[PDB]
Amino acid sequence: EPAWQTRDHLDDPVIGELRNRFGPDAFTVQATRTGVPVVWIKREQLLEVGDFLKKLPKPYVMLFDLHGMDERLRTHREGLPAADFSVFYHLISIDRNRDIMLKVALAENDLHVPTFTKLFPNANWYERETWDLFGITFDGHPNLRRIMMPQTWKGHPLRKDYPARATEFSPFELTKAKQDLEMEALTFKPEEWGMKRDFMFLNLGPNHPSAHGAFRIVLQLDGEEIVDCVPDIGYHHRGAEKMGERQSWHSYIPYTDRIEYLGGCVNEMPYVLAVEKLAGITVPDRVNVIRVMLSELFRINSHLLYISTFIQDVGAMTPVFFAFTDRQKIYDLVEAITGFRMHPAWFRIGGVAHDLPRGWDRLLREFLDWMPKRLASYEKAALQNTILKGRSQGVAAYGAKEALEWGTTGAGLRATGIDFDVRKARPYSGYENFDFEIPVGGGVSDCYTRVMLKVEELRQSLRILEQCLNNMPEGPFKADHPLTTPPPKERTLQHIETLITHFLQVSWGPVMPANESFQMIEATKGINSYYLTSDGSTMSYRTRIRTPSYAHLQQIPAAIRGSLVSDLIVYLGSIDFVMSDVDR
Amino acid sequence: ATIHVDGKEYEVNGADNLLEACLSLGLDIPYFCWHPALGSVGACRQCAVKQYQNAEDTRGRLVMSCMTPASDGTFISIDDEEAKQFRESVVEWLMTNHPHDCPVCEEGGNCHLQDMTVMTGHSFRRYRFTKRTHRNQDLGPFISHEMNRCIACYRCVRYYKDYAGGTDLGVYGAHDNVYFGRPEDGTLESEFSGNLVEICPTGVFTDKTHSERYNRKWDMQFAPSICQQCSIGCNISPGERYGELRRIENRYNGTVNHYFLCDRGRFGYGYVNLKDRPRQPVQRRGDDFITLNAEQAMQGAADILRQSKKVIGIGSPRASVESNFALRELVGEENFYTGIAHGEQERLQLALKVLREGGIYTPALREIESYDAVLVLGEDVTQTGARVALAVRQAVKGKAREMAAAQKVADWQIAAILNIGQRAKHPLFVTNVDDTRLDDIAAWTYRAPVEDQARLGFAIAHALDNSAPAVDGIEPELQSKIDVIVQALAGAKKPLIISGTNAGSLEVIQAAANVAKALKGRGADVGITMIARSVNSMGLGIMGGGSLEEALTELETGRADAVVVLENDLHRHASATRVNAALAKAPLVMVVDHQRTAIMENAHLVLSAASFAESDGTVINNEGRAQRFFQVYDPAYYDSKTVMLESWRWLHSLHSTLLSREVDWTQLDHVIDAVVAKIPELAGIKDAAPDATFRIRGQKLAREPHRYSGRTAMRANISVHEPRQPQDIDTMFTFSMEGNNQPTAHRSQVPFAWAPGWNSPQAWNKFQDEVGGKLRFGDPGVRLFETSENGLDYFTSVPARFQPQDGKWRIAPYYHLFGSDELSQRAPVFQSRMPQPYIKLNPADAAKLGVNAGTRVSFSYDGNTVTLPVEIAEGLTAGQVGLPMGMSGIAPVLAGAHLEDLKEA
Amino acid sequence: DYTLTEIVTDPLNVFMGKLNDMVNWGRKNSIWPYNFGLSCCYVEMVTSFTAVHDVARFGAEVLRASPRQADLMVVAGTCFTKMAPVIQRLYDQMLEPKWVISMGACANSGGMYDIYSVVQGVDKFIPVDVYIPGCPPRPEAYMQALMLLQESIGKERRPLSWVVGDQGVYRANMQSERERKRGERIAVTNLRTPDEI
Ligand SMILES: CCCCCCCCCCC1=C(C)C(=O)C(OC)=C(OC)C1=O
Ligand code: SF4
Ligand code: SF4
Ligand code: SF4
Ligand code: SF4
Ligand code: FES
Ligand SMILES: [Ca+2]
């Protein structure tokens with residue numbers, strides 16, 4: 001039984017617990033390739049099912065994901081409950097190292113679900129996005145307003161009947177929105193924004209002079225203290241999931257590159273692993289090693305960017321220049337291998353686009369000799385500076401409970417002391433064959449603690465690169481599956497069967513058989529996951545992308561309340577987010 | 001019957017074989033040599049499944065599912081490892097000799113062999129030896145031949161010979177050097193040779209006309225349209241790219257034209273792409289041609305119409321129901337004239353009266369293949385209604401089908417059916433002025449003038465029923481042949497009588513109605529078919545109006561000073577001299593047309609109408625079925641200065657500007673509702689297609705496939721800024737991929753067939769409820785009239801015998817599939833296929849004039865001395881002269897017309 | 001061959017020509033870009049600002065957070081529908097003379113994001129002086145665009161004073177770089193095989 005085999009997960013103890021608590025007819029178990037138990041729950045039992053999972057002996061403490069799906073055009077729904085729409089809730093039990101998806105069916109006219117914000121406070125933005133993109137009402141939600149589109153938007157873009165392409169540009173709408181932005185400060189009402197109540201009101205954005213994007217924060221201030229703050233996001237919404245419904249399985253890889261643009265192949269990895277789950281492809285070991293190589297190189301690139309950005313936000317200006325020289329070394333190696341700098345689009349369904357070019361090990365050895373002295377110099381020049389420590393330590397701290405209840409993953413969760421890395425807990429792409437440690441914090445997630453954890457993660461990625469350089473397998477760079485897209489180029493250029501497979505795979509698209517798959521990886525900023533629904537066609541029926549920056553930005557008001565604005569700037573600099581990852 | 005496929009129970013029909021039963025259930029079995037219309041022969045060995053004797057069986061046995069009946073309690077497995085490995089091995093064996101040709105092959109992206117190579121999962125080549133090659137033949141102007149790509153599936157020979165009745169295509173050679181083609185280079189003789197491009201699962205037979213301006217299937221913009229080249233109304237999928245019509249694919253209609261077109265419909269689309277078509281409205285001012293936009297053309301036309309004292313409208317059978325109705329509304333009902341001759345209109349009205357008042361059911365084109373005896377009276381169906389000739393061939397082979405069914409042989413085992421039915425066939429009696437293309441299978445062929453064919457029909461009706469009027473002057477051997485026809489028709493369970501208006505004789509239609517009434521009175525399940533001339537001839541006949549001669553006298557007498565001619569060249573329905581004189585006398589001529597005709601030289605205004613590829617509308621076919629054709633592309637998308645609108649849009653806006661001095665570019669559904677309200681006989685055309693508000697779960701129907709390419713570069717040479725997507729307010733389709741083309745969508749209008757893993761024309765199997773049956777959720781199109789309870793009376797007007805009078809010469813019509821239809825003549829690829837115009841003469845008459853075969857003689861009709869070279873026709877009757885109709889100068893109104901001054905040039 | 005804001009000829013005493021040349025020299029040798037981060041193209045822009053590329057050598061490192069002090073707007077990123085009024089307002093807040101560089105396929109035409117929430121190019125609502133293809137353009141492509149902008153600035157005519165002379169802005173119609181480099185680009189025969197480094 002391979003890892004991609006369709007499982008029902010009836011042997012999971014959570015299924016037995018749900019059967020013993022709610023009865024055998026209260027829910028329907030769906031067999032998928034997602035690797036998790038998928039359980040269709042009735043809508044009226046959703047809150048008690050969530051409470052029961054929250055009160056388990058080893059409970060499901062984190063709401064990993066919450067989003068909708070338009071199932072009106074889905075043809076292969078055999079064994080599934082009748083649903084015009086559905087809402088899925090992905091919950092993670094860290095103690096069990098398990099996860100469960102709960103799906104609620106909804107009719108076309110009765111598009112309302114009970115809110116999940118009481119059980120999980122991070123459900124607020126997910127329900128706002130599900131209402132925004134699907135029109136699904138959440139009863140009991142405090143402020144069910146649009147979060148990606150502007151408030152004066154008609155329709156719900158992720159529905160199947162919504163036209164995906166760009167509308168014709170009009171100067172009238174631009175002028176009207178400019179007038180709206182001009183009179184926004186004059187007619188600001190702090191009731192539609194979810195706020196309440198010498199209380200100054202300020203706008204931080206929308207333009208921001210930094211490298212993580214441009215987004216607006218509405219601040220309520222008592223002098224310097226922050227009483228309340230809500231973020232205005234969706235300014236960088238590219239419609240990547242809707243493009244998932246519009247590209248083929250192969251031609252969507254460059255779009256997966258630009259989800260978070262500091263990651264590249266790290267962003268390509270969960271998508272291609274989920275497509276390989278849909279295709280039934282077990283990639284060879286050299287493919288796993290190459291993909292791990294590129295993921296760790298881009299992880300070092302992203303962490304160097306993050307440390308430099310944090311140091312520059314504190315006020316030291318030189319280490320960003322030095323670490324951009326280090327990024328240039330990494331980019332030299334990545335340019336040699338993939339042909340591009342930051343959006344390589346080099347991962348393929350079944351492997352990688354090309355073999356490693358002859359001479360890559362020299363560039364890897366040069367970078368591995370270059371990096372550690374520079375990292376020690378960065379530490380001793382800026383990270384051990386007492387002014388930086390005073391600006392960083394004790395700023396926007398939270399414990400493990402706040403990280404769990406808000407879906408915070410990555411360096412913040414491990415800085416709260418929770419040892420939960422995807423590469424160790426739920427290994428993927430042959431990460432079990434590499435010896436590396438997972439740095440953890442003492443139990444409190446400061447800005448400084450997160451930054452030093454990212455430094456230790458950079459050192460561990462350097463160790464992974466060392467082991468990969470000393471032990472490189474020889475073999476194929478693509479799998480020998482009929483659904484390896486595209487096939488190897490030389491066989492395409494001189495064999496007619498391979499030419500036929502290449503012809504149909506690049507033009508109409510590879511045919512993924514009707515199934516659902518899911519891949520979760522430890523990205524550069526947290527846990528990045530792809531949830532893929534195939535309706536048997538050459539395009540994705542649904543492409544749900546869970547990104548960690550969304551969860552961190554939703555955690556922002558619960559951790560910075562009662563602090564200053566400079567502390568807010570430092571907290572923004574130490575979160576490791578990009579706005580493309582937030583909005584996607 | 002009950003089958004168990006991979007452990008799952010299924011309820012199927014026991015008369016089908018296993019492959020078609022499993023394809024009807026959505027299961028994917030690869031197959032090459034089987035076709036839903038051709039039967040099973042078990043050649044390619046691709047459809048192999050594993051059959052078990054019972055539920056508790058583990059070994060099983062490989063069987064061909066196309067040759068295995070779907071009997072009750074049949075246990076099989078498709079996903080068995082042995083069956084999968086054998087199907088992969090069959091694909092691999094086919095792949096050993098296949099050329100490395102997919103990038104430079106016209107079947108790429110539309111290839112069944114590509115789809116089944118991918119479907120079997122075979123992508124690694126372990127064959128290292130040489131591949132066999134073949135020379136290619138020249139098959140004419142339509143079909144391109146590439147013998148290297150063949151997989152020896154024998155579909156071409158089975159279709160072309162056993163189905164189409166063609167003789168010149170065959171299989172030659174031996175063991176692995178099997179060749180499929182003609183014995184020598186030359187044009188494929190069959191009128192249905194074009195369906196080889198969809199029958200062949202590989203790139204051997206390709207559309208050469210498409211291969212000129214080739215584009216891949218994912219790059220096409222498709223629409224569900226109706227073929228406009230005769231009255232049968234076959235469902236087509238025109239596909240375009242870069243503003244020009246690229247291809248005509250067959251569109252599956254299980255009630256009309258299921259898998260097959262004829263070559264005139266498939267290849268005679270080249271008139272749409274002509275560079276001399278009107279693309280802007282042009283106004284005449286002295287000798288100047290001023291190009292107008294839509295608004296100022298409408299304003300000037302309506303002003304000049306308002307100053308006129310009486311405006312008449314001349315419709316055409318080429319135009320749609322909506323455009324003819326819009327002209328009728330613009331000029332008034334009493335001023336509307338059908339643009340056909342008085343004799344043509346009389347024959348059309350009589351055919352319509354027989355169809356919707358004779359009390360005899362008129363079959364659809366698919367239903368013709370189930371009749372037990374066929375009598376064709378005066379209609380050269382192979383040249384005028386070719387798909388009816390194909391269905392008549394199927395009905396003729398029905399006797400072999402019945403003989404095989406008497407021996408408990410299944411209907412899909414075609415080889416056994418043809419073996420049992422060696423040469424026994426159902427009775428076919430065709431009458432014409434000469435030999436027809438159905439003579440190879442006809443039980444009898446009667447070569448006679450139209451009066452003698454009508455007298456034969458009246459004699460058959462009298463011998464079947466003595467209440468019918470009798471015929472005096474029948475020869476004894478002709479009486480014996482009449483008796484043979486009578487005992488053949490009386491013994492038939494389902495006799496079928498076919499006639500039409502192309503014979504040029506009212507008495508032929510009257511005699512056919514008399515035969516059908518006589519068979520109806522005996523209790524037989526008789527059907528009657530009438531072949532009209534043009535695409536909307538029945539619609540123009542139902543609409544009614546005056547003849548073209550009445551309009552010409554109205555123009556000549558000065559009672560009408562303004563004439564609006566809609567999609568009519570006026571030369572095919574009247575003499576050119578009289579038409580030119582009447583149009584020169586009229587102070588205002590406004591020609592709304594999409595083809596450069598000869599009457600726009602004297603026209604004051606020319607409105608650049610849209611053809612069928614650029615317009616929506618409704619057409620009524622020869623059996624009275626309303627069918628909606630949809631616009632394929634917007635002509636203003638690539639050339640932004642093109643003002644090319646629907647004809648009904650032009651005329652409705654002209655009426656609105658004439659009334660309220662304001663343009664009104666209306667919607668299609670408004671004109672449809674106006675037709676339904678004003679004309680109750682056309683009330684069925686509302687149900688031909690749903691309106692523009694029709695959605696599939698809230699979204700429109702897509703015109704182009706999902707992988708449509710180059711959307712930010714096709715117009716980048718004009719401007720780098722992407723243009724606005726053309727909005728479609730008339731119909732439920734969209735000019736984009738943003739829509740639905742799912743095979744399980746609740747609709748009947750399907751623009752093109754594509755399912756994932758099925759890029760070939762075999763995706764129509766996915767678009768049907770059962771393969772080879774009807775479209776799922778019904779076939780598009782609605783019959784306008786039901787069968788009447790009471791029929792007509794016997795037509796007592798029995799004509800006399802044909803008397804050859806000296807000086808006079810009766811014109812016998814000789815129709816050609818490539819050359820009798822006007823727009824098909826305009827297609828440049830038909831100019832090579834169409835023959836040189838030969839005037840047909842009897843040997844006795846040619847000896848009387850002393851002219852030999854090939855010499856030129858000159859004859860004068862309506863003061864027009866034209867010369868033609870003589871071809872000797874032995875089957876022609878003396879006193880008649882044969883003329884090719886529709887050709888250069890030979891209008892189709894010469895059928896039954898007398899001739900003077902036949903002399904050698 | 002110029003453009004007045006109409007195709008006119010070159011309007012250029014000989015002292016006024018020298019003064020205009022000095023003004024154009026000072027303008028092109030001191031270009032202050034506005035610090036505006038939209039998407040990944042901004043990351044490559046600020047990569048060009050760093051030590052390994054050193055865009056300071058061209059005098060274009062003074063990255064302003066205020067549009068008043070900035071001369072050059074580099075639209076480097078996707079022009080989202082919510083961000084487009086912000087871009088238009090920040091462009092309007094700038095002062096004459098002002099120049100615009102579209103960086104990347106998103107800012108050029110919308111790029112791969114022909115989607116409901118993206119404006120298809122920033123030339124839909126602001127005038128662009130230099131376009132850079134790429135997704136992202138590499139930092140030296142941004143440097144090359146800066147030299148293209150400098151060459152365009154050096155041959156444009158602007159009023160020396162707002163009280164004396166013609167106040168119209170005459171921008172030169174440069175030869176396209178495609179037509180200029182077509183001589184050397186077509187003549188390329190062999191490139192290095194991709195299997196090497
Ligand atoms: C009114 C206050 C003015 C403060 C000084 C502004 C002008 C100097 C900017 C220096 C600078 C900073 C901070 C900087 O962060 C940066 O990186 C993007 C540069 O480019 C290399 C710079 O040149
Ligand atoms: S017939 Fe099909 S498999 Fe053969 S070369 Fe053409 S596209 Fe390829
Ligand atoms: S030419 Fe085409 S249809 Fe004929 S046997 Fe070969 S592959 Fe089959
Ligand atoms: S039979 Fe008539 S309607 Fe059918 S394809 Fe031929 S010309 Fe067209
Ligand atoms: S062009 Fe490419 S790199 Fe630049 S902003 Fe767009 S997605 Fe990012
Ligand atoms: S399809 Fe059955 S053997 Fe060919
Ligand atoms: Ca239209």
# chains A, B, ... in the order shown; residues from 1 in each chain; ligands from 1

call {"tool": "interface_residues", "arguments": {"of": "chain B", "to": "chain A", "cutoff": "6 Å", "atoms": "only C-alpha atoms", "output": "PyMOL selection string"}}
result
chain B and resi 100+114+118+121+123+698-699+756

call {"tool": "write_last_selection", "arguments": {"atoms": "N, CA and C atoms", "output": "PDB file, in the first residue's frame"}}
result
ATOM      1  N   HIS B 100       6.840   9.264 -36.327  1.00  0.00           N
ATOM      2  CA  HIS B 100       7.091  10.323 -35.350  1.00  0.00           C
ATOM      3  C   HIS B 100       6.513  11.636 -35.883  1.00  0.00           C
ATOM      4  N   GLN B 114      -3.945   8.878 -30.238  1.00  0.00           N
ATOM      5  CA  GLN B 114      -3.280   9.571 -29.138  1.00  0.00           C
ATOM      6  C   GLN B 114      -4.016   9.351 -27.823  1.00  0.00           C
ATOM      7  N   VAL B 118      -2.510   7.280 -24.575  1.00  0.00           N
ATOM      8  CA  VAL B 118      -2.430   7.858 -23.237  1.00  0.00           C
ATOM      9  C   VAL B 118      -3.300   7.076 -22.255  1.00  0.00           C
ATOM     10  N   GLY B 121      -1.884   4.091 -20.705  1.00  0.00           N
ATOM     11  CA  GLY B 121      -0.719   4.340 -19.886  1.00  0.00           C
ATOM     12  C   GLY B 121       0.581   3.886 -20.497  1.00  0.00           C
ATOM     13  N   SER B 123       3.794   4.693 -22.403  1.00  0.00           N
ATOM     14  CA  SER B 123       4.623   5.834 -22.755  1.00  0.00           C
ATOM     15  C   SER B 123       6.104   5.508 -22.865  1.00  0.00           C
ATOM     16  N   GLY B 698     -26.104  28.416 -13.415  1.00  0.00           N
ATOM     17  CA  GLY B 698     -25.774  29.822 -13.353  1.00  0.00           C
ATOM     18  C   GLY B 698     -24.761  30.321 -14.359  1.00  0.00           C
ATOM     19  N   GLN B 699     -24.171  29.449 -15.170  1.00  0.00           N
ATOM     20  CA  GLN B 699     -23.156  29.869 -16.123  1.00  0.00           C
ATOM     21  C   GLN B 699     -23.572  29.509 -17.542  1.00  0.00           C
ATOM     22  N   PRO B 756     -12.386  14.739 -20.886  1.00  0.00           N
ATOM     23  CA  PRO B 756     -10.989  14.453 -20.533  1.00  0.00           C
ATOM     24  C   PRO B 756     -10.627  13.004 -20.823  1.00  0.00           C
TER      25      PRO B 756
END

call {"tool": "residues_around", "arguments": {"residues": "range 141-157 of chain C", "least_positions_apart": "5", "cutoff": "10 Å", "atoms": "only C-alpha atoms", "output": "count of residues only"}}
result
55

call {"tool": "residues_around", "arguments": {"residues": "residue 91 in chain B", "least_positions_apart": "6", "cutoff": "12 Å", "atoms": "only C-alpha atoms", "output": "ChimeraX atom specification"}}
result
/A:496-497,500 /B:30-32,44-48,84-85,97-98,112-125,151

call {"tool": "residues_near_ligand", "arguments": {"ligand": "ligand 5", "cutoff": "9 Å", "atoms": "only C-alpha atoms and all ligand atoms", "output": "PyMOL selection string"}}
result
(chain A and resi 254-255+257-259+261+342-343) or (chain C and resi 38-44+76-79+103-108+110-113+133-137)

call {"tool": "interface_residues", "arguments": {"of": "chain A", "to": "chain C", "cutoff": "6 Å", "atoms": "only C-alpha atoms", "output": "NGL selection string"}}
result
:A and (164-166 or 178 or 209 or 213 or 235 or 261 or 321 or 325 or 336 or 357-359)

call {"tool": "residues_near_ligand", "arguments": {"ligand": "ligand 7", "cutoff": "8 Å", "atoms": "only C-alpha atoms and all ligand atoms", "output": "ChimeraX atom specification"}}
result
/B:614-616,630-631,634,645-646,668,728-731

call {"tool": "residues_around", "arguments": {"residues": "residue 522 in chain A", "least_positions_apart": "3", "cutoff": "12 Å", "atoms": "only C-alpha atoms", "output": "ChimeraX atom specification"}}
result
/A:263,266-267,269-270,292,295-296,299,409-411,420-429,431,438,457,519,525-530,546-548

call {"tool": "closest_residue", "arguments": {"among": "A:311, A:333, A:303, A:2", "to": "residue 460 in chain A", "atoms": "only C-alpha atoms"}}
result
A:303

call {"tool": "residues_near_ligand", "arguments": {"ligand": "ligand 4", "cutoff": "10 Å", "atoms": "only C-alpha atoms and all ligand atoms", "output": "mmCIF file with C-alpha atoms, in the first residue's frame"}}
result
data_model
loop_
_atom_site.group_PDB
_atom_site.id
_atom_site.type_symbol
_atom_site.label_atom_id
_atom_site.label_comp_id
_atom_site.auth_asym_id
_atom_site.auth_seq_id
_atom_site.Cartn_x
_atom_site.Cartn_y
_atom_site.Cartn_z
ATOM 1 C CA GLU B 191 -20.532 11.946 -51.985
ATOM 2 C CA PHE B 192 -19.893 10.939 -48.352
ATOM 3 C CA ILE B 226 -27.193 24.029 -39.020
ATOM 4 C CA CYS B 227 -25.744 23.296 -42.439
ATOM 5 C CA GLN B 228 -27.088 25.769 -44.983
ATOM 6 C CA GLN B 229 -26.294 23.921 -48.208
ATOM 7 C CA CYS B 230 -29.568 22.033 -48.663
ATOM 8 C CA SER B 231 -32.866 21.375 -46.898
ATOM 9 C CA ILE B 232 -31.915 18.337 -44.796
ATOM 10 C CA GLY B 233 -30.658 20.433 -41.900
ATOM 11 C CA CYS B 234 -27.718 18.393 -40.649
ATOM 12 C CA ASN B 235 -26.308 19.534 -37.319
ATOM 13 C CA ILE B 236 -22.793 20.937 -37.697
ATOM 14 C CA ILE B 248 -16.967 22.111 -40.297
ATOM 15 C CA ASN B 250 -20.155 16.878 -37.621
ATOM 16 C CA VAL B 256 -31.253 13.789 -37.849
ATOM 17 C CA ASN B 257 -27.713 13.305 -39.056
ATOM 18 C CA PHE B 260 -22.382 11.678 -40.862
ATOM 19 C CA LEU B 261 -22.519 14.680 -43.157
ATOM 20 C CA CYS B 262 -22.218 14.876 -46.911
ATOM 21 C CA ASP B 263 -19.309 16.448 -48.747
ATOM 22 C CA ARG B 264 -21.220 19.569 -49.797
ATOM 23 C CA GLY B 265 -21.970 20.384 -46.170
ATOM 24 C CA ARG B 266 -18.528 19.415 -44.901
ATOM 25 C CA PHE B 267 -16.405 21.176 -47.527
ATOM 26 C CA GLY B 268 -18.611 23.852 -49.094
ATOM 27 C CA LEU B 365 -33.512 11.409 -41.385
ATOM 28 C CA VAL B 381 -31.559 12.636 -53.718
ATOM 29 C CA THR B 382 -27.813 11.951 -53.930
ATOM 30 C CA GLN B 383 -27.321 15.357 -55.572
ATOM 31 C CA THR B 384 -29.984 17.330 -53.678
ATOM 32 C CA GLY B 385 -30.545 15.652 -50.303
ATOM 33 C CA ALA B 386 -27.519 13.307 -50.100
ATOM 34 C CA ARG B 387 -27.956 12.233 -46.474
ATOM 35 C CA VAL B 388 -31.405 10.927 -47.438
ATOM 36 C CA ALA B 389 -29.649 8.736 -50.017
ATOM 37 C CA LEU B 390 -27.321 7.451 -47.276
ATOM 38 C CA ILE B 531 -36.832 17.158 -50.402
ATOM 39 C CA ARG B 533 -34.241 23.054 -52.409
ATOM 40 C CA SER B 534 -32.623 25.404 -49.880
ATOM 41 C CA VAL B 535 -31.992 25.435 -46.138
ATOM 42 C CA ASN B 621 -35.626 21.666 -42.662
ATOM 43 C CA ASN B 622 -37.327 19.394 -45.206
ATOM 44 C CA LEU B 817 -23.704 17.986 -55.207
ATOM 45 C CA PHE B 818 -20.761 20.274 -56.016
ATOM 46 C CA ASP B 821 -25.971 25.188 -54.405
ATOM 47 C CA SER B 824 -21.250 26.070 -52.307
#

call {"tool": "residues_around", "arguments": {"residues": "range 6-10 of chain A", "least_positions_apart": "6", "cutoff": "10 Å", "atoms": "only C-alpha atoms", "output": "JSON, numbers by chain"}}
result
{"A": [16, 29, 30, 31, 32, 33, 34, 35, 36, 37, 38, 39, 100, 277, 278, 280, 515, 516, 517]}

call {"tool": "atom_distance", "arguments": {"atom1": "CA of residue 77 in chain B", "atom2": "CA of residue 34 in chain B"}}
result
19.3 Å

call {"tool": "select_by_dssp", "arguments": {"residues": "range 92-196 of chain C", "states": "alpha helix (DSSP H)", "output": "ChimeraX atom specification"}}
result
/C:92,104-109,139-153,177-186

call {"tool": "residues_around", "arguments": {"residues": "residue 609 in chain B", "least_positions_apart": "3", "cutoff": "7 Å", "atoms": "only C-alpha atoms", "output": "PyMOL selection string"}}
result
chain B and resi 592-594+644-647

call {"tool": "write_last_selection", "arguments": {"atoms": "N, CA, C and O atoms", "output": "mmCIF file, in the first residue's frame"}}
result
data_model
loop_
_atom_site.group_PDB
_atom_site.id
_atom_site.type_symbol
_atom_site.label_atom_id
_atom_site.label_comp_id
_atom_site.auth_asym_id
_atom_site.auth_seq_id
_atom_site.Cartn_x
_atom_site.Cartn_y
_atom_site.Cartn_z
ATOM 1 N N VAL B 592 -29.737 43.516 -48.679
ATOM 2 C CA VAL B 592 -29.192 43.073 -47.402
ATOM 3 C C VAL B 592 -28.619 41.684 -47.641
ATOM 4 O O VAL B 592 -29.362 40.704 -47.725
ATOM 5 N N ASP B 593 -27.297 41.583 -47.757
ATOM 6 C CA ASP B 593 -26.718 40.297 -48.120
ATOM 7 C C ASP B 593 -25.296 40.190 -47.597
ATOM 8 O O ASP B 593 -24.647 41.190 -47.281
ATOM 9 N N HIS B 594 -24.818 38.947 -47.519
ATOM 10 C CA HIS B 594 -23.474 38.646 -47.051
ATOM 11 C C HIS B 594 -22.557 38.137 -48.153
ATOM 12 O O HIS B 594 -21.380 37.885 -47.887
ATOM 13 N N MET B 644 -20.897 44.149 -39.560
ATOM 14 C CA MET B 644 -21.539 42.983 -40.160
ATOM 15 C C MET B 644 -22.513 42.419 -39.132
ATOM 16 O O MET B 644 -22.106 41.731 -38.193
ATOM 17 N N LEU B 645 -23.792 42.719 -39.307
ATOM 18 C CA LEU B 645 -24.822 42.370 -38.345
ATOM 19 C C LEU B 645 -25.740 41.299 -38.914
ATOM 20 O O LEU B 645 -25.698 40.971 -40.100
ATOM 21 N N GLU B 646 -26.575 40.755 -38.032
ATOM 22 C CA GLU B 646 -27.623 39.837 -38.447
ATOM 23 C C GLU B 646 -28.606 40.547 -39.367
ATOM 24 O O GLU B 646 -28.836 41.754 -39.253
ATOM 25 N N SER B 647 -29.169 39.786 -40.304
ATOM 26 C CA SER B 647 -30.133 40.356 -41.238
ATOM 27 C C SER B 647 -31.400 40.808 -40.525
ATOM 28 O O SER B 647 -31.942 41.879 -40.829
#

call {"tool": "residues_near_ligand", "arguments": {"ligand": "ligand 6", "cutoff": "10 Å", "atoms": "only C-alpha atoms and all ligand atoms", "output": "ChimeraX atom specification"}}
result
/B:17-20,29-35,39-49,63-68,153-155
